[PDB]
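Trainee: Quick one: the structure is below, questions incoming.
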Amino acid sequence: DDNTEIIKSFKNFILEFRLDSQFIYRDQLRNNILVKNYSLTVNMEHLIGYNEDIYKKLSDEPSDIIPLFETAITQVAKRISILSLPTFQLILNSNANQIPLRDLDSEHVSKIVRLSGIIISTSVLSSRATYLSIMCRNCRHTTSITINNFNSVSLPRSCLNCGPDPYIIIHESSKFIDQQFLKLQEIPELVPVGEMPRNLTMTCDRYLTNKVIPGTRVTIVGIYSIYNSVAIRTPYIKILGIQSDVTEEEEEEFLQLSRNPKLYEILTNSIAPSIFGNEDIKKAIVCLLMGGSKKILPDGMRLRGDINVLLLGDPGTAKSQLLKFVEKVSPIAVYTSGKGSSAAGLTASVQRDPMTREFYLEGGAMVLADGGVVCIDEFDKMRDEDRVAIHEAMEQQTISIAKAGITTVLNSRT
Amino acid sequence: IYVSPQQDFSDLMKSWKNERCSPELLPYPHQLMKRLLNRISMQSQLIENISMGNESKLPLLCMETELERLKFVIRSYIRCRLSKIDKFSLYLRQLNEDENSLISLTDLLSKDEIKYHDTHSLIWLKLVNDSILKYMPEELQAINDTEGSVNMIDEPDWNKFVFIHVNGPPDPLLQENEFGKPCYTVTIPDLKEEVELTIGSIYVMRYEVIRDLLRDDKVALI
Amino acid sequence: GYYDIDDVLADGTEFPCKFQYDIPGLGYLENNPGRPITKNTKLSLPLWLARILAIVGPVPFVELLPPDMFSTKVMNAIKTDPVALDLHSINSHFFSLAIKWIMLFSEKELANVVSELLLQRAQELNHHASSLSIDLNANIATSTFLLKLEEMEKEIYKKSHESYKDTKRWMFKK
Amino acid sequence: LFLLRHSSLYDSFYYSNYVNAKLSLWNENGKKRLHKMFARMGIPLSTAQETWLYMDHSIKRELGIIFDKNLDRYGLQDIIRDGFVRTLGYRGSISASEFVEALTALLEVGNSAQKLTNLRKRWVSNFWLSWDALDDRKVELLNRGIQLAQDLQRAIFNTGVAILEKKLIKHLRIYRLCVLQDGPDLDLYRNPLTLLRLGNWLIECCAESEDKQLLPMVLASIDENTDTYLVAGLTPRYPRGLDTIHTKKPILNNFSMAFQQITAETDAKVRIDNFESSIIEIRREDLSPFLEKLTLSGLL
Amino acid sequence: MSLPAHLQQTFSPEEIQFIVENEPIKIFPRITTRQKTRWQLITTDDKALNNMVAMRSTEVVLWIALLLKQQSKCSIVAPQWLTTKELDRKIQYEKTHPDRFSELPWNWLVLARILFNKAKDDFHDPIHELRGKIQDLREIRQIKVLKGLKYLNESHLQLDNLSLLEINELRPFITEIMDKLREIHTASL
Amino acid sequence: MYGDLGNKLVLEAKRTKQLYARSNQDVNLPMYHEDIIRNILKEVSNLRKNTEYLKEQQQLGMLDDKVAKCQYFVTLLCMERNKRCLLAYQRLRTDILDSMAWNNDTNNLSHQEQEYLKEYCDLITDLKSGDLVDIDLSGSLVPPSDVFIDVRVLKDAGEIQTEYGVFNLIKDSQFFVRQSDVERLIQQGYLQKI
Ligand SMILES: Nc1ncnc2c1ncn2[C@@H]1O[C@H](COP(=O)(O)OP(=O)(O)OP(=O)(O)O)[C@@H](O)[C@H]1O
Ligand SMILES: [Mg+2]
Ligand SMILES: [Zn+2]
């Protein structure tokens, strides 16, 4: 009754909205369907403008209302694409006031909130369930149960004699969807003095996976829900939209810039504008930033193309400032102090996974710097073993640690 | 055959569309263009006389808008013809020199078009002779060679696909089909196939099969 | 035609060949000047020379061995799943070279495969070309497929995309 | 209120001439009074700072009743008024005052003798930038104007807070003087409209209310890039929303004639060319002599 | 060259609008041209314009009707097809037959936009309803066009009662693909 | 072998065509590639020398018919390939030049190309002055539209006295004029259709 009314309201919103002359969401859905992209992005501002009651219901109990929105989207997609498809996914964009990560509390349980932070770790894609086929052990009764990701399902305990938990899953006739776990850390600026950054686990499904990497500032719109792991619960966020800070016009601008007759001089000027003199070091750092073209031979002997530089002077010379600027300017860079870290910090180190207790390999600074630049400071204080490890790493650009239960190797082109 | 100014404009539009969508250079309708240019000149003179002398403002505005539209149509047609001449330049010269073919540039182009063809051919020949050809031996200095690896004369595509609307007569070629409808019949020689074109329909046919109909005005390109 | 950059480049590709004569002075063809070319020797020649050598000779000067882009592996790959096949890696001028090959040898077996592949790829080409963008506030698959397009397919896609974009802009213009 | 439908309610009550004049928000006690008012009205603090569109709809519906019930106490009974609101289908509403504010912001901040010419031509270009925004097909310009209006109001509020806190408004029997010589926002105070905005802001606060006599105020701002003062002669105003026989009679602005006479007597290269005679441009070295001459004039 | 690159072997939407405006339409004049200067157009008939009475329907070219509406000297008569009831009937016709195309006028997309923009208060039906019905018709036509593109061959193709705008949309892709297939087939023989 | 330079020139021509297609009117032709053309002509001269040597050997010396035919055909084919490559490059450049001439630095044009541009502009002036004088052939191919439009000037200028009238193009001053009158001024970039 009420669910059908809400579905009809969403359908009418999608099919009737129009700003000046173009049906935004209808055309967007058609275009997305054409390229096998089953999703729809809706700006909450338009939803509020069209009818405030729909947004009121959506914000009140999102876990209950959002699935109906997906059902309506799927029905409209079938109407628009098939002449008389999996359940579509809803992605939300919003411009509401951001709630600081540290300020999230019980007051915001099961509500749509907008926050920001920096991603620090991402997991590997899992396989959640969306349509399970179940058969009973004793009487062999076939049945199917549908599942939605949002929580405000488990195998039946009573058969539809047969004892408790009589059903088993027929995996050859079921459907699954992708899932991923991310970790969000509060922005460094907002951390109060003398305190520590707090982390928050997050979950994304279907077309929101593989959208970010560690170290990227992101803005998240999702549901602040709690999952049971005295009577406490572990908070986490269910992602509904990702907007990371990370065409042809920029190509034209860059081409015009390249046409300047003093491009080399301007680029050498931009390198450390605040440090006087040391022009030769400036040019060398520019060359290092751009690097050298790769060389590969069919036989197997591929020559190195990257460039390394050594600055060896007395104190008070701004070498560290140059290294900091190089780290900041390069799209991918790692600034590491030789003495602060160790052999584990650089190259790679063989460790053990605590949860599964299996020997695995974790990369160092060079591995995290693959495809970029690593600015190592205080080369002297670094231990000799680490220095020879770096020697090998730069010699082959492929840290060869493949032993001790595993035989995996990693690339360190840096 | 003069009928009325509106008939002349309709013929102009038909010719413009055919030339724009056609793959070859169609014959020039000399008389129609002469009449249209004379009419444009006289109408412009009349407009000047009327404007020399607020109920009459809107009539004059319509006059000027109509003149602009007619001028645009003529300009577009002329530019399309000039571009087609540019692309098939050597082929036109071969056709003209070839005595066997009855086609003649005087029967296919106007005076302005023939002047443009001659001058452009001369200029391009001078440029190529100054840059490239003068350094080649006597066996490889002919700008129009038909015995080398690749033909130097680019001919019109005789099987380009075009959208056609079967208008019908304004006819032994008309045979009424099985579904109670008059329809023309054409034959594709490569495939040994016979195709039936029913009036009031849109097809995607090869140019050579329907060229005679287009000449006769039975069908019109979209 | 004669003045066509794409046509000129296509003829510049290298096809395998097998000389079955013993000609002197043609050393530079193989890899070195001033050395007679033995017979029954394989070498790589540009098409614009291989075609003429094969046609003109009782006995042709050259015998074109089966190319590497028309091998059974490529035919099976084309027949299996046309859409995901990456033709660009195989050859940037696949269709023109294929047409030239059929014309030269009049093989009626490759024509069907090429036609079916072209039709199937054109389906997805039109699917991707008609999917425009919307600036509601005021592509990954598109890029993935666009990188696997031959030169002719790229030209057709560009033209169709421009036509669709122009029509949309006119239709929704304020 | 300032852009009620395009910002937060708290910001609407904060960056307002009348609200600040009544509550004197430029000091901490005013902010405490505003917080107490919001708490009494029943609207939480977090809710009050949420953007208007995303704010809870219940308070948006009940706002009129809340304002009627709990505004007599704090003296802001003149806030309620009837205004025209124009809304196009499925797009947020906008009132006449907000539209005018956006247009003025676009006119002001939108985007030797050579610098003067460049400035005047930039203002001329801003005129056309504002002209286009007055249509229904250019909503983007309207949004940009609203954002620029917010920024300008924030900057003017900061400058006014500084001026009031440091007590730079010297008092004289005939007029009051406020001369600016430093600050981070002194660049903005070259367009006459922005300087007039600051003048109105200052006139409302403690110059028209707070039991203060009504005297013309002369406000000036320096620009080292040209070494001159954009002196503006503002007229006083009676308390807003107080109908009376004296309120009916307009308060004439006598600055023009005295300015002209003083310029005629002396020689300071005064640029009397603006259509509004209230605004002139006086060299830096000749400001204080001109102020002394104005004091001696006794014509205001 | 003498002609731009995009205007070769095809048309532009502006030229399609130019063609569409060359057709006649019915209007309600607001002045009395009939006698108790006068138009002498050359491309179009001028007798009708010289003999018009207020509120009495007459026929004039669409281009002249729009020019008159610009000054607000006439009221355009919306064609019979545009009305809602006809649109629902055509939508039902399209839905019933998943193979054939409806029989709407060839200029059913250009005229719709021109009238919706220039004449937004002359219709006898709500504008939003008409826009929605036209959108539904266009979407169904797009589906049918997509389904029909799978039958391209080297002999010919038939698309009965297809509007001019859709043909203009599809002209490059269909023509080029069919040309390539025909070239391959010709080479095979 | 012998067609490498020709293929390189064809690649450069392809790049030029792509660049021209990308933009609309900012397209400026690249520096006339002279070094590669000179190298190819040296190659052609070498091929001519080889052909003459082959003819001399056949007429005086020992040269069997089959070997002579093979060598002559190979040389002729290389020369044909070079001819085709150079002609294609020149034809593309000529097409771009014609586009530029019809639409309306020279250091990128060979003196022959400069003469070509001058002669083609002369020809364009020649056609327009004949019987097609009522129609301005060098017009705009955008169909006519609303007769009256609002045009905003984008560049300060004087009281330019055009044939249609005197327009005081004061920067940032809007006009309400017929589209025909200000078509050429819009083309030159003084005005904006807004
Ligand atoms: N030309 C210069 N301009 C500015 N700062 C400079 C310059 N030369 C040296 N410096 C100094 O460099 C300092 C930062 O670099 P720093 O001296 O730490 O590098 P470093 O010599 O590698 O240090 P150390 O050898 O003590 O580890 C700044 O405090 C700074 O003023
Ligand atoms: Mg240091
Ligand atoms: Zn059971």
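Following the order of the structure tokens, chains are lettered A, B, ..., residues in each are numbered from 1, and ligands are numbered from 1.
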Could you name the residues that touch residue 225 in chain D at 10 Å or less, counting only C-alpha atoms, but leaving out those on the same chain fewer than 6 positions away, as number ranges by chain?
Mentor: D: 112, 115, 187
Trainee: Given the selection you just returned, output its residues as a file containing N, CA and C atoms, formatted as a compact mmCIF listing (two decimals), in the first residue's frame.
Mentor:
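Contents of part.txt, freshly written:
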# COMPACT_ATOMS: atom_id res chain seq x y z
N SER D 112 48.83 56.24 -13.21
CA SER D 112 48.03 57.38 -12.77
C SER D 112 46.64 57.35 -13.40
N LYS D 115 45.27 53.78 -14.41
CA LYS D 115 44.59 52.98 -13.39
C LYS D 115 43.15 53.43 -13.23
N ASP D 187 41.14 47.26 -0.43
CA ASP D 187 41.04 47.23 -1.89
C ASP D 187 39.60 47.35 -2.35
Trainee: Report the residues of range 31-60 of chain C whose backbone DSSP state falls under alpha helix (DSSP H), written as a PDB file with N, CA and C atoms, in the first residue's frame.
Mentor:
ATOM      1  N   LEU C  47      53.704  -3.301 -49.041  1.00  0.00           N
ATOM      2  CA  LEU C  47      52.643  -3.803 -49.908  1.00  0.00           C
ATOM      3  C   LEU C  47      52.746  -3.219 -51.312  1.00  0.00           C
ATOM      4  N   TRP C  48      53.048  -1.923 -51.419  1.00  0.00           N
ATOM      5  CA  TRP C  48      53.056  -1.278 -52.729  1.00  0.00           C
ATOM      6  C   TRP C  48      54.082  -1.897 -53.668  1.00  0.00           C
ATOM      7  N   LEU C  49      55.072  -2.608 -53.137  1.00  0.00           N
ATOM      8  CA  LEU C  49      56.024  -3.356 -53.949  1.00  0.00           C
ATOM      9  C   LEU C  49      55.653  -4.826 -54.072  1.00  0.00           C
ATOM     10  N   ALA C  50      55.174  -5.433 -52.983  1.00  0.00           N
ATOM     11  CA  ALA C  50      54.841  -6.852 -53.008  1.00  0.00           C
ATOM     12  C   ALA C  50      53.719  -7.141 -53.993  1.00  0.00           C
ATOM     13  N   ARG C  51      52.688  -6.294 -54.015  1.00  0.00           N
ATOM     14  CA  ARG C  51      51.570  -6.521 -54.924  1.00  0.00           C
ATOM     15  C   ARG C  51      52.036  -6.510 -56.375  1.00  0.00           C
ATOM     16  N   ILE C  52      52.805  -5.487 -56.752  1.00  0.00           N
ATOM     17  CA  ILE C  52      53.253  -5.372 -58.135  1.00  0.00           C
ATOM     18  C   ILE C  52      54.180  -6.526 -58.489  1.00  0.00           C
ATOM     19  N   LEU C  53      55.076  -6.902 -57.573  1.00  0.00           N
ATOM     20  CA  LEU C  53      55.975  -8.017 -57.850  1.00  0.00           C
ATOM     21  C   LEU C  53      55.199  -9.312 -58.044  1.00  0.00           C
ATOM     22  N   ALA C  54      54.168  -9.536 -57.229  1.00  0.00           N
ATOM     23  CA  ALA C  54      53.384 -10.759 -57.355  1.00  0.00           C
ATOM     24  C   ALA C  54      52.612 -10.794 -58.668  1.00  0.00           C
ATOM     25  N   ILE C  55      51.972  -9.685 -59.040  1.00  0.00           N
ATOM     26  CA  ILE C  55      51.148  -9.704 -60.247  1.00  0.00           C
ATOM     27  C   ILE C  55      52.017  -9.830 -61.492  1.00  0.00           C
TER      28      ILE C  55
END
Trainee: Would you write out, as a tab-separated table, a table of all residues in chain D that have an atom no more than 8 Å from an atom of chain F, listing for each the closest atom pair and the distance in Å to one decimal, considering only C-alpha atoms and ordering rows by chain and rising residue number?
Mentor:
residue	atom	partner	partner_atom	distance
D:124	CA	F:172	CA	7.2
D:125	CA	F:172	CA	6.2
D:128	CA	F:172	CA	7.3
Trainee: For those residues, write N, CA, C and O atoms to a file as a PDB file, in the first residue's frame.
Mentor:
ATOM      1  N   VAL D 124      32.229  49.492 -15.800  1.00  0.00           N
ATOM      2  CA  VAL D 124      31.333  49.476 -16.956  1.00  0.00           C
ATOM      3  C   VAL D 124      31.072  48.044 -17.408  1.00  0.00           C
ATOM      4  O   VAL D 124      29.940  47.681 -17.746  1.00  0.00           O
ATOM      5  N   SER D 125      32.114  47.213 -17.440  1.00  0.00           N
ATOM      6  CA  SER D 125      31.928  45.811 -17.807  1.00  0.00           C
ATOM      7  C   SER D 125      31.054  45.085 -16.791  1.00  0.00           C
ATOM      8  O   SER D 125      30.225  44.242 -17.161  1.00  0.00           O
ATOM      9  N   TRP D 128      27.338  45.407 -17.513  1.00  0.00           N
ATOM     10  CA  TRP D 128      26.786  44.436 -18.453  1.00  0.00           C
ATOM     11  C   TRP D 128      26.741  43.039 -17.857  1.00  0.00           C
ATOM     12  O   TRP D 128      25.807  42.279 -18.135  1.00  0.00           O
TER      13      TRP D 128
END
Trainee: Within 12 Å of chain D, which residues belong to chain A? Use only C-alpha atoms and report them as a ChimeraX atom specification.
Mentor: /A:13,16-21,44-57,59-60,94-99,103,107,112-114
Trainee: Could the residues in this selection be written to a file with N, CA, C and O atoms, as a tab-separated table (two decimals), in the first residue's frame?
Mentor:
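And here's result19.tsv as it stands now:
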chain	number	residue	atom	x	y	z
A	13	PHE	N	8.39	11.48	-10.09
A	13	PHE	CA	9.48	12.45	-9.97
A	13	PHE	C	10.49	12.26	-11.10
A	13	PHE	O	10.92	13.23	-11.73
A	16	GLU	N	8.82	13.18	-14.66
A	16	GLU	CA	8.22	14.49	-14.85
A	16	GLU	C	9.19	15.65	-14.66
A	16	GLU	O	8.91	16.75	-15.16
A	17	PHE	N	10.31	15.45	-13.96
A	17	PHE	CA	11.21	16.55	-13.68
A	17	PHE	C	11.83	17.09	-14.97
A	17	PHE	O	12.21	16.33	-15.86
A	18	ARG	N	11.94	18.41	-15.05
A	18	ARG	CA	12.53	19.08	-16.20
A	18	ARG	C	12.80	20.54	-15.85
A	18	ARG	O	11.90	21.22	-15.33
A	19	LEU	N	14.00	21.03	-16.11
A	19	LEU	CA	14.38	22.37	-15.68
A	19	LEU	C	13.97	23.43	-16.71
A	19	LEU	O	13.15	24.30	-16.42
A	20	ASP	N	14.55	23.37	-17.91
A	20	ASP	CA	14.21	24.33	-18.96
A	20	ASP	C	13.55	23.66	-20.16
A	20	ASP	O	12.43	24.02	-20.52
A	21	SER	N	14.22	22.69	-20.79
A	21	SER	CA	13.62	21.96	-21.90
A	21	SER	C	13.99	20.48	-21.93
A	21	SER	O	13.34	19.73	-22.66
A	44	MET	N	20.21	15.98	-4.62
A	44	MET	CA	19.16	16.13	-3.62
A	44	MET	C	18.45	17.47	-3.75
A	44	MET	O	17.28	17.59	-3.37
A	45	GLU	N	19.14	18.49	-4.27
A	45	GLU	CA	18.50	19.79	-4.44
A	45	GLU	C	17.28	19.69	-5.35
A	45	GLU	O	16.22	20.26	-5.05
A	46	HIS	N	17.41	18.96	-6.46
A	46	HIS	CA	16.27	18.77	-7.35
A	46	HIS	C	15.14	18.03	-6.66
A	46	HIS	O	13.96	18.36	-6.84
A	47	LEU	N	15.48	17.01	-5.86
A	47	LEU	CA	14.45	16.26	-5.15
A	47	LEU	C	13.69	17.15	-4.18
A	47	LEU	O	12.46	17.07	-4.08
A	48	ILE	N	14.40	18.00	-3.44
A	48	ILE	CA	13.73	18.93	-2.53
A	48	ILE	C	12.86	19.89	-3.32
A	48	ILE	O	11.72	20.18	-2.93
A	49	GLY	N	13.37	20.42	-4.43
A	49	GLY	CA	12.60	21.37	-5.21
A	49	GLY	C	11.31	20.77	-5.75
A	49	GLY	O	10.25	21.40	-5.70
A	50	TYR	N	11.38	19.54	-6.27
A	50	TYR	CA	10.20	18.93	-6.87
A	50	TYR	C	9.09	18.72	-5.84
A	50	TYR	O	7.95	19.14	-6.05
A	51	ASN	N	9.42	18.08	-4.72
A	51	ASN	CA	8.42	17.78	-3.70
A	51	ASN	C	9.16	17.55	-2.39
A	51	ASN	O	9.94	16.60	-2.28
A	52	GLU	N	8.90	18.41	-1.40
A	52	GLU	CA	9.62	18.33	-0.14
A	52	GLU	C	9.25	17.09	0.67
A	52	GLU	O	10.06	16.62	1.47
A	53	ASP	N	8.04	16.56	0.49
A	53	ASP	CA	7.62	15.40	1.26
A	53	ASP	C	8.46	14.17	0.92
A	53	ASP	O	8.79	13.38	1.81
A	54	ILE	N	8.81	14.00	-0.35
A	54	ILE	CA	9.63	12.86	-0.74
A	54	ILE	C	10.99	12.92	-0.07
A	54	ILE	O	11.49	11.92	0.46
A	55	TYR	N	11.61	14.10	-0.06
A	55	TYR	CA	12.89	14.25	0.62
A	55	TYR	C	12.75	14.06	2.12
A	55	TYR	O	13.65	13.51	2.77
A	56	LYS	N	11.65	14.54	2.70
A	56	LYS	CA	11.42	14.33	4.12
A	56	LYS	C	11.40	12.84	4.44
A	56	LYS	O	12.07	12.38	5.38
A	57	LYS	N	10.65	12.07	3.66
A	57	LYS	CA	10.60	10.62	3.88
A	57	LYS	C	11.97	9.99	3.66
A	57	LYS	O	12.38	9.11	4.43
A	59	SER	N	14.98	11.29	4.03
A	59	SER	CA	15.90	11.62	5.11
A	59	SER	C	15.47	11.01	6.44
A	59	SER	O	16.33	10.73	7.29
A	60	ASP	N	14.17	10.82	6.65
A	60	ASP	CA	13.69	10.28	7.92
A	60	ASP	C	14.26	8.89	8.17
A	60	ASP	O	14.99	8.67	9.14
A	94	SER	N	24.87	15.88	-2.62
A	94	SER	CA	24.25	16.80	-1.68
A	94	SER	C	25.20	17.95	-1.40
A	94	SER	O	26.41	17.86	-1.63
A	95	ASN	N	24.63	19.04	-0.88
A	95	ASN	CA	25.39	20.23	-0.52
A	95	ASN	C	25.05	20.69	0.89
A	95	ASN	O	25.07	21.88	1.19
A	96	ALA	N	24.74	19.74	1.77
A	96	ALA	CA	24.41	20.07	3.15
A	96	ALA	C	25.68	20.38	3.94
A	96	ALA	O	26.80	20.09	3.52
A	97	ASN	N	25.48	20.98	5.11
A	97	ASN	CA	26.61	21.31	5.97
A	97	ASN	C	27.36	20.04	6.37
A	97	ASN	O	26.74	19.05	6.76
A	98	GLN	N	28.68	20.08	6.26
A	98	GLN	CA	29.50	18.93	6.59
A	98	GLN	C	29.61	18.77	8.10
A	98	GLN	O	29.77	19.75	8.84
A	99	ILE	N	29.52	17.53	8.56
A	99	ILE	CA	29.65	17.19	9.98
A	99	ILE	C	31.07	16.70	10.21
A	99	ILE	O	31.49	15.73	9.56
A	103	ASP	N	33.05	14.63	15.43
A	103	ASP	CA	31.82	15.04	16.09
A	103	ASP	C	30.67	14.06	15.90
A	103	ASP	O	29.61	14.26	16.50
A	107	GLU	N	23.66	10.75	18.29
A	107	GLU	CA	22.56	11.56	17.79
A	107	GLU	C	22.35	11.37	16.29
A	107	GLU	O	21.24	11.62	15.80
A	112	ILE	N	21.30	10.42	7.22
A	112	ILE	CA	22.19	10.76	6.11
A	112	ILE	C	23.04	11.94	6.53
A	112	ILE	O	22.52	13.00	6.89
A	113	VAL	N	24.36	11.77	6.48
A	113	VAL	CA	25.31	12.80	6.89
A	113	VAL	C	26.36	12.96	5.81
A	113	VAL	O	26.65	12.03	5.04
A	114	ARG	N	26.95	14.15	5.74
A	114	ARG	CA	28.01	14.47	4.80
A	114	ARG	C	29.25	14.86	5.58
A	114	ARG	O	29.20	15.73	6.45
Trainee: Would you tabulate, counting only C-alpha atoms, all residues of chain C that have an atom at most 8 Å from an atom of chain E, showing the closest pair of atoms and their distance in Å to one decimal, sorted by chain then ascending number, as a Markdown table?
Mentor:
| residue | atom | partner | partner_atom | distance |
| --- | --- | --- | --- | --- |
| C:99 | CA | E:184 | CA | 6.0 |
| C:100 | CA | E:187 | CA | 8.0 |
| C:102 | CA | E:188 | CA | 5.9 |
| C:103 | CA | E:187 | CA | 4.8 |
| C:106 | CA | E:188 | CA | 5.4 |
| C:107 | CA | E:188 | CA | 6.4 |
| C:108 | CA | E:188 | CA | 5.5 |
| C:111 | CA | E:188 | CA | 6.1 |
| C:114 | CA | E:184 | CA | 7.9 |
| C:115 | CA | E:181 | CA | 6.1 |
| C:118 | CA | E:181 | CA | 7.8 |
| C:119 | CA | E:152 | CA | 7.7 |
| C:122 | CA | E:177 | CA | 7.4 |
| C:123 | CA | E:150 | CA | 7.1 |
| C:126 | CA | E:173 | CA | 7.6 |
| C:156 | CA | E:173 | CA | 6.5 |
| C:157 | CA | E:173 | CA | 7.8 |
| C:159 | CA | E:172 | CA | 6.7 |
| C:160 | CA | E:173 | CA | 5.7 |
| C:163 | CA | E:169 | CA | 6.2 |
| C:164 | CA | E:169 | CA | 6.0 |
| C:166 | CA | E:13 | CA | 7.3 |
| C:167 | CA | E:13 | CA | 6.2 |
| C:170 | CA | E:13 | CA | 6.6 |
| C:171 | CA | E:113 | CA | 7.3 |
Trainee: Based on the selection just made, write C-alpha atoms of those residues as an mmCIF file, in the first residue's frame.
Mentor:
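Final output, saved to part_15.cif:
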data_model
loop_
_atom_site.group_PDB
_atom_site.id
_atom_site.type_symbol
_atom_site.label_atom_id
_atom_site.label_comp_id
_atom_site.auth_asym_id
_atom_site.auth_seq_id
_atom_site.Cartn_x
_atom_site.Cartn_y
_atom_site.Cartn_z
ATOM 1 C CA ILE C 99 39.809 -5.489 -48.249
ATOM 2 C CA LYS C 100 42.985 -5.286 -50.326
ATOM 3 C CA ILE C 102 40.325 -10.158 -50.551
ATOM 4 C CA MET C 103 40.512 -8.123 -53.755
ATOM 5 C CA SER C 106 39.259 -13.078 -54.217
ATOM 6 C CA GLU C 107 38.849 -15.356 -51.199
ATOM 7 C CA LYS C 108 35.154 -15.730 -50.359
ATOM 8 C CA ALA C 111 34.637 -11.742 -46.583
ATOM 9 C CA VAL C 114 35.071 -9.488 -41.937
ATOM 10 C CA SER C 115 31.479 -8.437 -42.645
ATOM 11 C CA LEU C 118 32.260 -5.093 -38.831
ATOM 12 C CA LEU C 119 28.515 -5.358 -38.193
ATOM 13 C CA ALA C 122 29.292 -1.209 -35.421
ATOM 14 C CA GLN C 123 26.455 -2.176 -33.081
ATOM 15 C CA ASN C 126 26.566 3.203 -32.310
ATOM 16 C CA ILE C 156 33.007 6.794 -38.237
ATOM 17 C CA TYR C 157 32.626 7.190 -34.471
ATOM 18 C CA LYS C 159 31.435 11.696 -37.378
ATOM 19 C CA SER C 160 28.452 10.023 -35.704
ATOM 20 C CA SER C 163 26.164 14.570 -35.665
ATOM 21 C CA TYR C 164 24.425 13.417 -32.479
ATOM 22 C CA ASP C 166 24.898 18.866 -32.975
ATOM 23 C CA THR C 167 21.344 17.529 -33.072
ATOM 24 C CA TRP C 170 19.988 22.313 -31.477
ATOM 25 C CA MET C 171 17.076 20.436 -29.899
#
Trainee: Produce as a PyMOL selection string the set of residues near ligand 1, where near means within 10 Å with only C-alpha atoms and all ligand atoms considered.
Mentor: chain A and resi 272-278+311-324+377-378
